[PDB]
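Trainee: Experimental structure and sequence below, a few questions after.
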Amino acid sequence: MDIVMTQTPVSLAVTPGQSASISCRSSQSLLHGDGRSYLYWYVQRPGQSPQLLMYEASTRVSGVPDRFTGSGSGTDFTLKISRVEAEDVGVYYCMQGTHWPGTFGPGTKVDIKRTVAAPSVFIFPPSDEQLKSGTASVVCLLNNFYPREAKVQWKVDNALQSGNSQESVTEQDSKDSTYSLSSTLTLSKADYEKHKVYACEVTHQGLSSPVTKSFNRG
Ligand SMILES: [Cl-]
Ligand SMILES: [K+]
């Protein structure tokens with residue numbers, strides 16, 4: 001009947017050394033016949049493979065520091081990190097393996113808190129060498145911003161473009177705790193020459209109004 005997995009809080013910004021505490025709830029009980037609650041924690045990180053931290057609700061994966069502690073049974077489980085470091089930064093997920101099929105929560109963003117930083121926006125036309133290949137990749141860059149939440153909107157001749165776009169954000173910088181992001185609009189050479197002005201529109205909490213960076217192709 002597919003157990004619904006809920007997670008709270010939605011987001012968590014923390015001071016290096018301060019403790020964190022993530023909770024996870026299941027729509028039905030995950031207690032198994034052998035007395036074990038089959039629910040495991042893992043953290044997602046950009047450009048990395050997911051790291052398993054806790055399993056069987058309370059048992060710690062070998063190699064994970066003692067800062068991590070698993071708690072709960074039945075329908076309520078909590079993960080606690082006593083001294084959050086920069087390497088602990090990521091989006092934390094709980095997943096139940098008791099009932100088929102497996103199900104996981106929405107996740108909780110955990111990163112180091114810093115002051116709000118508005119992104120520096122730069123747009124780049126495709127190279128003449130790549131257009132010689134028949135492909136055009138327009139790139140919009142968002143540099144050193146916090147928090148992660150940001151929206152990139154591509155516009156072609158002031159018309160909204162949504163297709164043929166890829167987004168890629170870095171990990172939280174271990175030093176200044178900012179993020180950097182790149183969005184690439186990849187078009188055919190023929191489609192690329194059907195428009196005059198290319199622009200990306202960026203929305204971020206630190207900006208009063210959306211910032212648009214444009215260019216015109218020759
Ligand atoms: Cl498990
Ligand atoms: K910046």
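Mentor: In hand now; what should we look at? Numbers count the residues shown, from 1 in each chain. Ligands and ions are numbered 1, 2, ... in the order given.

Trainee: quick one: the helix or strand in which residue 78 is found to chain centroid distance?
Mentor: Using DSSP states H and E, residue 78 maps to strand 76-81. Distance of strand 76-81 from its chain centroid, counting by CA atoms, centre = their mean, to the nearest Å, is 21 Å.

Trainee: can you check stretch 43-52 too?
Mentor: 10 Å.

Trainee: rewinding a little: and the helix or strand just after the strand holding residue 78 with strand 76-81, angle?
Mentor: Sequence-wise, the next helix or strand downstream of strand 76-81 (DSSP H and E) is strand 90-96. Strand 90-96 and strand 76-81 are oriented at 150 degrees to each other (axes from the mean of the first three to the mean of the last three CA atoms, to 10 degrees).

Trainee: Which strands or helices does the next helix or strand along the chain from strand 90-96 pack on?
Mentor: Where DSSP H and E defines the elements, the next helix or strand beyond strand 90-96 is strand 103-104. Packing contacts for strand 103-104, counted by 3 or more CB pairs under 8 Å, 6 or more residues apart in numbering; DSSP states H and E, involve strand 90-96. C-beta here means a position set from N, CA and C on the backbone, and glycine is covered the same way.

Trainee: Quickly run through the sheet partners of the strand it packs on, with directions.
Mentor: strand 39-44 (antiparallel), strand 103-104 (antiparallel), strand 108-112 (antiparallel) (DSSP bridges).

Trainee: how about the helices of this structure, start to end?
Mentor: Along the chain, counting by DSSP state H, helices occupy 128-132, 189-192.

Trainee: out of these, deepest packed?
Mentor: Highest mean neighbour count among the helices of the chain (mean count of other CB atoms under 10 Å): helix 189-192, with a mean of 14.

Trainee: List of residues touching that helix?
Mentor: 126, 131, 134, 135, 136, 138, 217 (CB atoms under 8 Å, 6 or more residues apart in numbering).

Trainee: repeat that with 7 Å
Mentor: 131, 134, 135, 136 (CB atoms under 7 Å, 6 or more residues apart in numbering).

Trainee: Quick check: the last one vs ligand 1, distance?
Mentor: Per CB to the ion, to the nearest Å, residue 136 is found 47 Å from ligand 1.

Trainee: try the second one
Mentor: Going from residue 134 to ligand 1 by CB to the ion gives 49 Å.

Trainee: now do the third one
Mentor: From residue 135 over to ligand 1 the distance is 45 Å, taken as CB to the ion.

Trainee: and of the helices of the chain, who's closest to ligand 1?
Mentor: helix 128-132 (46.8 Å; CB to the ion).

Trainee: what does that closest one contact?
Mentor: Contacts of helix 128-132 (CB under 7 Å, 6+ apart): 136, 137, 189.

Trainee: List just the nearest of these to ligand 2.
Mentor: Nearest to ligand 2 among the contacts of helix 128-132: residue 137, at 23.4 Å, using CB to the ion.

Trainee: can you tell me which residues contact the nearest residue to the closest one once chain neighbours are set aside?
Mentor: Once flanking residues are discounted, residue 137 sits nearest to residue 186: 4.7 Å by CB to CB, 6 or more residues apart in numbering. Counting by CB under 7 Å, 6+ apart, residue 186 touches 135, 137, 164.
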